[PDB]
Amino acid sequence: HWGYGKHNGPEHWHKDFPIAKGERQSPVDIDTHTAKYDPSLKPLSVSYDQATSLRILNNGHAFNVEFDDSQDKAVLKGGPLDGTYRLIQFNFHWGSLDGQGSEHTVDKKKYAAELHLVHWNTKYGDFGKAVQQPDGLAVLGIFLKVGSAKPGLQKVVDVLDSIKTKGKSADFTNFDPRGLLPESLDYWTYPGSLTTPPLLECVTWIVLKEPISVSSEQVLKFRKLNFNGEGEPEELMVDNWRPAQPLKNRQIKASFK
Ligand SMILES: CC(=O)Nc1nnc(S(N)(=O)=O)s1
Ligand SMILES: [Zn+2]
Ligand SMILES: [Zn+2]
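Using PDB author numbering, the letters of the sequence shown correspond one by one to residues 4 to 125, 127 to 261.
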């Protein structure tokens, strides 16, 4: 089964998922001097006030917080998007050390972790259909750097102990995702893919310029999770990030100058 180890990591994925060597793979390195400022990009519209979180789960690769996506409660629109995109989940990627952990990089700079807020285009009916379309998903990427603590992330940090191993899940209601957003919504956007198998090329990536700060104690708790299931030899869940892929003549557009 795929993973992030020496024998089943990113460099091996192409054997089971040939699309890994595709034309629009993610993540990528964002070269800030080559990115094109596009004055026609509209501001992002994030409406998370009616968001309903359900559970938090350790899937053996990272941990996800899932939301009720049966209605337009938490949606993303505007920016480079056409139509309404419904929030379904958010997940993180982190490193074993503070100088690595993010998937996307900015001018080769790696951040301590990266948050992904996944949304699917409502015109497709369900998430399963959306992943088969070139404009099926919109993922909002937020960088995390170590500094002062992020109050809004603490609820997540505190519950990690209950979902320590692969397969564990816990009820996680009333979590407000607005507490994870940076102050500015300036962004870079480019057409890409999911960063984990099946690596489908169905994502419009929206990467925020401004990182959020989290404390050392907060990220330390992420590193306590396990890749393994209960009762198996312990493998700490760290470095669950995919390296930057070739841009291959796609253009990264910026909403700011
Ligand atoms: C069910 C679902 O959302 N799966 C995802 N797989 N990888 C994702 S990512 N890391 O690109 O956000 S989202
Ligand atoms: Zn799996
Ligand atoms: Zn992710």
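Cβ atoms here follow ideal geometry from the backbone N, Cα and C, with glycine treated the same way.
Annotated three-state conformation of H36 is coil, per DSSP. Around the C-beta of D72, 16 or more other C-beta atoms lie within 10 Å, and the residue is accordingly described as buried. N230 has its CB no nearer than 6 angstroms to any heavy atom of ligand 3. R89 counts as buried, since no fewer than 16 other beta carbons sit within 10 angstroms of its beta carbon. Across the set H15, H36 and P21, the C-alpha of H36 shows the shortest separation from the C-alpha of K257. DSSP places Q103 in the coil class of the three-state scheme, outside both helix and strand. In this structure, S197 sits near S29, with a CB-CB distance shorter than 7 angstroms. Relative to the non-hydrogen atoms of ligand 3, the Cβ of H122 never comes closer than 6 angstroms to any of them. Looking from the CA of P247, the closest CA among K24, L44, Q92 and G81 belongs to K24. Under the three-state reduction of DSSP output, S220 falls in the helix class. Taking a cut-off of 8 angstroms on C-beta distances, the stretch 107-115 does not touch the stretch 60-74, as fewer than three cross pairs fall below it. One alpha carbon belongs to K261, the other to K154, and they sit about 28 angstroms apart. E117 is bridged by DSSP to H96 and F147. By the neighbour-count definition (other C-beta atoms within 10 Å, threshold 16), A134 is a buried residue. Under the DSSP assignment, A174 falls in the beta strand (DSSP E) whose first and last residues are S173 to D175. Between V121 and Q74, the C-beta spacing is not below 7 angstroms. Contact residues of ligand 3 (beta-carbon closer than 5 angstroms to any heavy atom; chain order) are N94 and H119. The closest heavy atom of ligand 2 lies less than 6 angstroms from the beta carbon of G63.
For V163, the enclosing alpha helix (DSSP H) stretches over residues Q158 to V163. With 16 or more other Cβ atoms from the protein chains shown falling within 10 Å of its own Cβ, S259 counts as buried. Residue range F131 to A134 is occupied by the alpha helix (DSSP H) that includes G132.
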